[PDB]
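Chemist: Take this sequence and fold it.
(2 chains)
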There are 2 protein chains.
Amino acid sequence: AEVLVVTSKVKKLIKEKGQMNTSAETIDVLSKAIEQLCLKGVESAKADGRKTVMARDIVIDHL
Amino acid sequence: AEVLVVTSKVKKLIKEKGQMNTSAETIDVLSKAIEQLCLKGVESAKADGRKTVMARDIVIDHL
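Modeler: Numbering: from 1, shown residues only, chains lettered A, B, ... in the order given. Take a look:
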């Protein structure tokens, strides 16, 4: 339900830049990661009293 | 170049579940996060001598 990454372009990146295939579960993990980053972004934006999720609401520095 | 998240479905999630709009830069951050997670997955898979990026190669526990 609701794949949130562009599967074809992820597979293309991983193949072209890394010489690797991409498992189905890899796509699932990436999609779930996007969902969590979005929900956490909602939490951050609302806590600031805003109505728009902004780049500063997507905390990805631990990457 | 190469947006790696499904922009329409991200905006739909953020609006429907959080009542928020989604800025253009939010989409950019999410896309760059996916790119980094994929490249790091390539590093992990190759270090294990494999030819396929697997779910265990996408380290997202810091979420």
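Chemist: Can you tell me the SS state at the residue of chain A positioned farthest from its centre?
Modeler: Within chain A, the residue lying farthest from the chain centre (CA atoms, centre = their mean) is residue A:49, at 23.6 Å. Following DSSP: H, G, I helix; E, B strand; the rest coil, we place residue A:49 in the coil state.
Chemist: do you know how far it is from residue B:20?
Modeler: 12 Å (CB to CB, to the nearest Å). The way it works is simple: take the backbone N, C-alpha and C, and place the C-beta from them, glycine included.
Chemist: Residue A:20 now?
Modeler: From residue A:20 across to residue B:20, the span is 35 Å (CB to CB).
Chemist: Remind me which helix or strand residue A:39 belongs to.
Modeler: Element membership for residue A:39, per DSSP states H and E: helix A:24-47.
Chemist: what separates that helix from the chain centre, distance-wise?
Modeler: Here helix A:24-47 is found 6 Å from its chain centre; the criterion is CA atoms, centre = their mean, to the nearest Å.
Chemist: That helix versus helix B:24-47: what angle between them?
Modeler: Per axes from the mean of the first three to the mean of the last three CA atoms, to 10 degrees, the angle that helix A:24-47 makes with helix B:24-47 is 150 degrees.
Chemist: Pull out the buried positions in helix A:24-47.
Modeler: A:26-27, A:29-35, A:37-38, A:40-42, A:44-45 (16 or more other CB atoms under 10 Å in any protein chain shown).
Chemist: Centre of the chain to whichever helix or strand comes after it, how far?
Modeler: Per DSSP H and E, the first helix or strand lying C-terminal to helix A:24-47 is strand A:52-53. Distance, stretch centre to chain centre, for strand A:52-53: 16 Å (CA atoms, centre = their mean).
Chemist: and strand A:52-53, does that touch chain B?
Modeler: Yes - Strand A:52-53 reaches chain B (CB under 8 Å from any CB of the partner chain) through A:52-53.
Chemist: Quickly run through the sheet partners of that strand, with directions.
Modeler: If you go by DSSP bridges, strand A:52-53 pairs up with strand B:21-22 (parallel).
Chemist: Run through who's touching the strand it pairs with.
Modeler: By CB atoms under 8 Å, 6 or more residues apart in numbering or on different chains, the residues outside strand B:21-22 that reach it are A:51-53, B:10-11, B:14-15.
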